[PDB]
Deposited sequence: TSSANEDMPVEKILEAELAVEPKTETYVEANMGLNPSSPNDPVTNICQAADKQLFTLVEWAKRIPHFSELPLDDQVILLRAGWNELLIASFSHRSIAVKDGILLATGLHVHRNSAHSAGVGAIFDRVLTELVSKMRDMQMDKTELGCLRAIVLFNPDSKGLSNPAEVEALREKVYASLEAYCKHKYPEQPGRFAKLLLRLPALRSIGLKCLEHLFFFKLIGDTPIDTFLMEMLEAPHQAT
């Protein structure tokens, strides 16, 4: 069947298997929590049906392409019951006014209003979140993919399972499947801006921490 091709039960296990259990500035805390969840992200991808069956090079590419949106989606949903803030995988909180002081209030507000709040106001469950992250994972448009065709197929499998799950658990809401998919735009947009911030972090090849000059004299 549709669910027997990409079971929402399996995906839920992947989501739960990666769920974890304030001195420095907000940004450094976010980076601290980000690094932690990067260690686990691979183990999550493997727990996603049919992911390990892909070429190792395509797995790398997919993870390289969506690691940011994947993580943002997680802590966003994790921060449902929190008011004007987010809960980090480290257990630490980052409140709205804190983010602003660190100079990232604009994008942090987008996350609160466009991700966290929307997730809360529709009562998105872990399973639906797992499917959305799985959809983001199987991104056929990724540059360098050897076989974009199989990836498109995996995503479309997740489409069917999710839609089937919604009809199954929310019969009174015919357009829940679409209401969920319409969260991806914001996630994609927020993800990009997020990367714009850490542009200098990505492209690095000089000498950080000013160790250049320290040696230039001795």
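- Stretches of the deposited sequence left without coordinates are 1-2, 24-37, 235-240, in sequence order.
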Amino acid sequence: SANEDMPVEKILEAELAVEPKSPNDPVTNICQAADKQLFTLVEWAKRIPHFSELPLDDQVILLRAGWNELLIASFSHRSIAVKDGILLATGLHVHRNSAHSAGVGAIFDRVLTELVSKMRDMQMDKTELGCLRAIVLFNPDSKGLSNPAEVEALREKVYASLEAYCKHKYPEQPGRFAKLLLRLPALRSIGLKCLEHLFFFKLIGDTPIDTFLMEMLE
From here on, numbers count along this sequence of modelled residues.
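- Mean C-alpha B-factor is higher over 31-39 than over the other stretch, the pair under comparison being 31-39 and 157-165.
- Here 88-96 and 103-111 are compared by their mean Cα B-factor, and 88-96 comes out higher.
- When the modelled residues of the chain are ordered by their C-alpha B factor, residue 126 lands in the lowest third.
- Ranked by C-alpha B-factor against the other modelled residues of its chain, residue 133 falls in the lowest third.
- Residue 181 sits in the lowest third of its chain by CA B factor, as recorded in the PDB entry.
- When the modelled residues of the chain are ordered by C-alpha B-factor, residue 69 sits in the lowest third.
- In this PDB entry, residue 56 carries a Cα temperature factor that places it within the highest third of its chain's modelled residues.
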